[PDB]
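Let me begin by presenting the structure, written as structure tokens, before commenting on it.
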Amino acid sequence: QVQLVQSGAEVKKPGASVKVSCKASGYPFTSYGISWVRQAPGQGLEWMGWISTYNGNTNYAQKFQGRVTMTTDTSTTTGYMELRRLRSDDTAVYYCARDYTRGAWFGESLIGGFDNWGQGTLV
Amino acid sequence: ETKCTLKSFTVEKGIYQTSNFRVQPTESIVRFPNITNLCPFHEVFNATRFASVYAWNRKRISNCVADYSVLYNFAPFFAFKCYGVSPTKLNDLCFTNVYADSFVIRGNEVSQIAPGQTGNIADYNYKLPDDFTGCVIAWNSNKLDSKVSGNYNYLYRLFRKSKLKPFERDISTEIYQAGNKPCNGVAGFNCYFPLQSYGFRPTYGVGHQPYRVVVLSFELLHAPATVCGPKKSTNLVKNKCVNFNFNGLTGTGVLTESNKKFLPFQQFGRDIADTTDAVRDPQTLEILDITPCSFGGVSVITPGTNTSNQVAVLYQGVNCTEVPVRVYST
Amino acid sequence: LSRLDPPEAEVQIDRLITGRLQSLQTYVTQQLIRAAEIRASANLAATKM
Amino acid sequence: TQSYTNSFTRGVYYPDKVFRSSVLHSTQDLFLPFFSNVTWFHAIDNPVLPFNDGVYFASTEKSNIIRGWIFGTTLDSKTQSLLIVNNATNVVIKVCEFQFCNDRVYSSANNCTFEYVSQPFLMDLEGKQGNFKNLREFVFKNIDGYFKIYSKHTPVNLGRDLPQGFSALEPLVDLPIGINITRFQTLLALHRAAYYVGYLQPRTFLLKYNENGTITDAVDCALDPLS
Amino acid sequence: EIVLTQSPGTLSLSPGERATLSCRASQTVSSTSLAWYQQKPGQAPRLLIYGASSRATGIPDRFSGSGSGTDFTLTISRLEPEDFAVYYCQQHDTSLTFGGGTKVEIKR
Ligand SMILES: *[C@@H]1O[C@H](CO[C@@H]2O[C@@H](C)[C@@H](O)[C@@H](O)[C@@H]2O)[C@@H](O[C@@H]2O[C@H](CO)[C@@H](O[C@@H]3O[C@H](CO)[C@@H](O)[C@H](O)[C@@H]3O)[C@H](O)[C@H]2NC(C)=O)[C@H](O)[C@H]1NC(C)=O
Ligand SMILES: *[C@@H]1O[C@H](CO)[C@@H](O)[C@H](O)[C@H]1NC(C)=O
Ligand SMILES: *[C@@H]1O[C@H](CO)[C@@H](O)[C@H](O)[C@H]1NC(C)=O
Ligand SMILES: *[C@@H]1O[C@H](CO)[C@@H](O)[C@H](O)[C@H]1NC(C)=O
Ligand SMILES: *[C@@H]1O[C@H](CO)[C@@H](O)[C@H](O)[C@H]1NC(C)=O
Ligand SMILES: *[C@@H]1O[C@H](CO)[C@@H](O)[C@H](O)[C@H]1NC(C)=O
Ligand SMILES: *[C@@H]1O[C@H](CO)[C@@H](O)[C@H](O)[C@H]1NC(C)=O
Ligand SMILES: *[C@@H]1O[C@H](CO)[C@@H](O)[C@H](O)[C@H]1NC(C)=O
Ligand SMILES: *[C@@H]1O[C@H](CO)[C@@H](O)[C@H](O)[C@H]1NC(C)=O
């Protein structure tokens with residue numbers, strides 16, 4: 001019954017800023033954080049971002065410090081990436097997932113994980 | 001009824017008291033507070049970093065909606081033994097603050113978590129008040145906190161100068177001066193380390209099993225209620241004998257307008273007899289005046305029974321015009 | 001009644017019933033002694049008048 | 001600098017948040033005893049004062065002389081501390097790991113997990129003259145954690161020592177901090193009717209309310225046989 | 001950092017018989033950090049078991065997992081031919097890393 005939709009697929013010139021949306025419905029958008037991951041053909045899946053909902057805690061990965069910034073709005077129940085300093089080798093699909101690994105209120109480790117996924121955005 | 005109160009077929013001439021009359025309520029209205037968030041009970045129970053029993057952690061719950069159905073109906077492993085409230089009746093109430101405490105307990109020591117009890121861990125590791133309220137939850141963790149040769153990272157104290165107060169944490173690294181050896185950190189004989197390890201064992205049966213215990217410590221204080229449950233809000237009815245459930249303060253009466261001057265930190269209101277008389281509307285911040293419905297005494301005026309068979313009911317305590325209130329309207 | 005199940009609620013209700021009735025029984029006992037004092041003085045006023 | 005002054009009648013706050021009218025409710029709480037010494041200082045230095053069972057504080061600075069307080073134990077970056085230093089139009093409260101001052105006021109922020117921002121505690125008002133140097137009264141206490149601040153900003157003032165009469169102390173802020181505080185220190189600004197301090201202890205009062213619900217009078221019970 | 005050793009590279013097995021998947025970590029991990037995901041061609045991941053063997057959604061007769069302390073493996077019986085997905089195993093204790101690779105081919 002979960003619905004997770006995103007923006008469309010397009011092509012961006014390197015060095016620009018890509019606007020990525022992720023709209024959620026079917027679950028209350030108050031106790032589960034969002035997690036942004038990247039899949040490309042030829043290898044597996046990466047783990048850029050984790051972002052809380054009740055507060056504004058950031059858990060960006062060590063490989064994307066200072067480049068990836070993430071925002072969420074509960075009025076439209078939608079998350080936004082403004083990902084700038086684009087490259088030529090990072091054109092890949094990006095999935096937003098409802099996370100269950102870290103605390104959405106206090107931040108401790110949990111048991112479980114990405115139980116709800118979107119369709120992805122290809123850049 | 002005159003023949004039914006005093007047991008005789010013949011009733012002599014006089015005036016007698018039969019019973020009392022009281023107008024029954026006609027409608028129910030529930031008005032909780034305005035909120036949405038869902039309470040993070042899936043982060044306390046479904047946690048991975050439970051600490052030692054001698055040094056636990058203290059959590060806080062803020063404004064959210066807690067569904068207590070998933071607590072008992074879903075995942076019903078062990079018995080609850082809730083001390084002061086019913087899990088089925090838990091949905092109607094709502095409270096001010098909720099604290100959650102988590103630690104690991106030996107299998108034989110499950111019963112030690114009780115009001116006023118004594119034991120090896122009930123005095124030097126965790127103490128409860130005698131007036132404690134709220135449920136207690138325990139379940140098996142034989143797969144999570146267990147090692148083949150045993151885990152030595154979980155500690156419980158054995159020796160202290162005095163027993164612990166309720167809800168008191170006393171983490172300290174020190175040696176115990178016992179006997180006639182003035183230990184200054186030398187830690188010789190009769191100078192024992194008060195923290196002694198668990199020493200798990202997975203091949204042993206019940207008695208040394210890893211059980212994970214979490215407790216919930218509720219309270220009912222007159223304050224802005226913060227955590228409330230899933231009941232829906234309804235409308236408001238003025239000048240009608242109804243039932244109300246304002247913030248869990250149930251009762252029957254008539255809700256009307258008020259002319260009181262409540263300060264912004266004032267919510268309730270008590271009369272001389274220490275009873276609620278004015279309740280602020282949580283979703284409107286207006287002032288009301290709770291007054292119970294009409295009531296009074298009933299008396300029967302009759303001549304002698306063998307003389308005649310006509311009566312005259314005297315409805316007491318009520319104005320007959322405003323509240324006329326079956327011999328009525330004859 | 002709003003916090004306990006009926007099998008346990010009758011224990012706590014019985015505590016309040018045997019306590020409120022105790023205070024009510026003390027009131028009627030002290031009422032009867034004092035009401036007997038007034039008739040000891042109403043009979044004097046009946047004779048004095 | 002040190003002196004002595006009779007405190008007269010001061011430091012009566014609302015015990016709870018329950019409305020009453022024409023009630024003579026009596027309560028046993030932590031209060032300031034009637035007719036007690038208060039240790040008035042002067043500033044122009046700066047020792048460390050003990051904190052026990054809450055502190056009543058009152059100053060009469062015109063615009064801005066006192067900016068915050070520092071609570072906690074040992075004043076070090078090993079036990080958690082607290083400051084109530086004001087902004088221009090806000091107040092910020094932190095529970096953090098300050099090291100020292102040596103005069104920026106703090107030194108470091110190691111293990112700090114409470115920050116709270118709100119509307120400013122100290123307002124200023126005058127009737128186009130310096131006669132109405134408004135009195136600000138604060139009571140700081142803690143019961144099972146839950147740091148509670150009770151404040152009052154009264155404009156009517158004459159001078160010399162603390163005024164007489166009855167003044168209620170409304171609550172503003174309750175905080176869920178649950179920290180261990182033992183010492184007391186006051187934060188001020190550099191310079192180019194001040195800093196009155198008194199202590200609290202458990203007592204029993206009988207309070208007489210108004211017809212509008214305001215606290216009008218209070219009487220002690222452990223002061224005189226007449227009381 | 002912490003990585004994981006991935007060598008169930010090839011699964012050229014018939015449908016029906018015993019299936020076992022083995023992936024092993026670099027460093028000792030807790031038993032509550034275990035997850036596994038499936039990759040259909042051009043689809044989205046979803047859980048298999050959130051813990052050791054605690055079921056997530058349905059699990060009719062095939063999916064199973066067993067964690068031997070640090071190590072952990074996958075027990076599948078009656079391998080129906082249609083899924084043939086890419087298998088990934090994930091830890092949770094230190095940061096977050098994902099599985100390397102596991103393929104099942106159609107043996108033409
Ligand atoms: C601790 O965690 C378990 C498992 O967590 C589950 O999986 C995670 C990956 C997340 O997606 C969680 O949101 C999810 O709950 C919880 O146990 C599970 O609870 C759910 C919710 O009630 C159960 O679902 C129900 O299943 C019955 C079965 O007939 C249906 O009829 C219902 O309609 C509903 O779908 C589920 O069965 C249950 N057990 C599992 C998955 O094995 C657990 O609740 C949680 N602890 C607390 C205190 O919440
Ligand atoms: C309470 O919330 C309802 C909708 O949930 C809204 O219609 C109403 O105006 C709110 N009342 C307030 C904010 O006082
Ligand atoms: C009713 O009974 C009384 C007592 O015997 C008697 O005096 C009286 O006359 C009776 N009245 C009638 C109407 O029978
Ligand atoms: C009863 O009601 C009538 C009309 O409302 C009023 O005039 C009368 O004074 C009332 N009785 C008393 C005792 O107040
Ligand atoms: C205040 O202290 C001084 C000396 O410390 C003492 O003489 C005086 O009596 C005290 N005040 C009262 C009201 O007791
Ligand atoms: C003080 O207010 C200014 C302007 O609103 C703001 O930029 C600044 O962050 C505030 N500082 C504190 C400590 O609140
Ligand atoms: C407190 O902060 C210091 C410095 O950032 C850090 O080394 C230490 O681990 C922190 N304390 C805890 C309990 O994490
Ligand atoms: C607070 O700190 C003091 C420092 O000496 C200590 O003696 C006391 O036990 C501490 N209290 C608590 C509750 O931690
Ligand atoms: C109480 O409120 C009324 C409302 O006008 C006011 O007239 C009266 O002065 C108030 N009481 C006091 C003691 O100020």
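Each residue's number is its place along the chain shown, starting with 1.
Structure method, as recorded: electron microscopy, 3.8 Å.
Note that Cβ sites are derived from N, Cα and C of the backbone, with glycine treated the same way.
Here Swiss-Prot flags B:22-38 (among others) as region 'Disordered', drawing on a curator's inference. Below 8 angstroms of C-beta separation, residues 62-67, 94, 225, 228-229, 231-237, 240-247, 252, 281-283, 293-296, 325 of the same chain, each at least six residues beyond the ends of the region 'Disordered' (B:22-38), sit close to that stretch.
As annotated by Swiss-Prot, O-linked glycosylation site applies to B:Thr26 (among others), with the evidence given as experimental evidence. According to DSSP, B:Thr26 (O-linked glycosylation site) sits in a coil region rather than a helix or strand.
Using a 10 Å Cβ-Cβ cutoff, B:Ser28 (O-linked glycosylation site) registers 12 neighbours. Feature annotation from Swiss-Prot assigns O-linked glycosylation site to B:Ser28 (among others); the stated evidence is experimental evidence.
Remark: B:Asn34 (N-linked glycosylation site) has B:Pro282, B:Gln283 as non-local neighbours, by Cβ distance under 8 Å and separation of at least 6 in sequence. Swiss-Prot lists B:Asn34 (among others) with the feature N-linked glycosylation site.
The disulfide bond feature in Swiss-Prot is assigned to B:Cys39-B:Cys64 (among others); the stated evidence is experimental evidence. Around the Cβ of B:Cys39 (disulfide bond), a 10 Å sphere holds 22 further Cβ atoms from the protein chains shown.
Around B:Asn46 (N-linked glycosylation site), no same-chain residue at least 6 positions away in sequence has a Cβ under 8 Å from its Cβ. The N-linked glycosylation site annotation in Swiss-Prot covers B:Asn46 (among others) and rests on experimental evidence.
Annotated disulfide bond per Swiss-Prot: B:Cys82-B:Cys135 (among others), in sequence order, evidence recorded as experimental evidence. B:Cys82 (disulfide bond) is surrounded by 17 other CB atoms, counting those within 10 A of its CB over all protein chains shown.
Around B:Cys228 (disulfide bond), the same-chain residues six or more apart in sequence whose CB sits under 8 Å from its CB are B:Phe32, B:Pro33, B:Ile35, B:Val65, B:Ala66, B:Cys94, B:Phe95, B:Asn247, listed in sequence order. The feature disulfide bond is assigned by Swiss-Prot to B:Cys94-B:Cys228 (among others).
Taken from Swiss-Prot, the feature region 'Immunodominant HLA epitope recognized by the CD8+' applies to B:151-159. For the region 'Immunodominant HLA epitope recognized by the CD8+' (B:151-159), same-chain residues at least 6 beyond its ends with a Cβ under 8 Å from one of its own Cβ atoms are 52-54, 104, 120-121, 124-125, 145, 176, 178, 192, 194-200.
Sequence annotations record features per position, and here Swiss-Prot assigns disulfide bond to B:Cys183-B:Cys191 (among others). Within 10 Å of the C-beta of B:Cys183 (disulfide bond) we count 17 further C-beta atoms, all protein chains included.
Annotated region 'Disordered' per Swiss-Prot: B:222-244 (among others), in sequence order, evidence recorded as a curator's inference.
The annotation disulfide bond is assigned in Swiss-Prot to B:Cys241-B:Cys293 (among others). Under the three-state DSSP scheme, B:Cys293 (disulfide bond) falls in the coil class. The Cβ of B:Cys293 (disulfide bond) has B:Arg22, B:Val23, B:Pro25, B:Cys241, B:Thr252, B:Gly253, B:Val254 as same-chain neighbours under 8 Å, each 6 or more residues away in sequence.
In this structure, B:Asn306 (N-linked glycosylation site) belongs to neither helix nor strand by DSSP; it is coil. According to Swiss-Prot, the feature N-linked glycosylation site maps to B:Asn306 (among others).
Summarising the annotation, Swiss-Prot assigns N-linked glycosylation site to B:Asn319 (among others). Taking a C-beta cut-off of under 8 Å and a sequence gap of six or more, B:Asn319 (N-linked glycosylation site) has no contacts in its own chain.
When the region 'Immunodominant HLA epitope recognized by the CD8+' (B:151-159) is classified with DSSP, helix, strand and coil residues number 0 helix, 3 strand, 6 coil. Counting other Cβ atoms within 10 Å of each Cβ, the disulfide-bonded residues B:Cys64, B:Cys94, B:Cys191 show the lowest value at B:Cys191. Listed recorded positions B:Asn34, B:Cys191, B:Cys241 compared with chain D at a CB cut-off under 8 A give none as close ones. On a Cα basis, B:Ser28 (O-linked glycosylation site) lies 67 Å away from B:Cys191 (disulfide bond).
Remote same-chain residues near the region 'Disordered' (B:222-244) are listed as 23-33, 35, 39, 61-68, 90-98, 250-257, 267-268, 281-283, 290, 293-294 (criterion: CB distance under 8 Å, separation of at least six residues from the stretch ends). Listed in sequence order, B:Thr10 are the same-chain residues at least 6 apart in sequence whose CB falls under 8 Å from the CB of B:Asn306 (N-linked glycosylation site). Only B:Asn34, in sequence order, out of the recorded positions B:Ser28, B:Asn34, B:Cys241, B:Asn306 have a CB under 6 Å from ligand 2.
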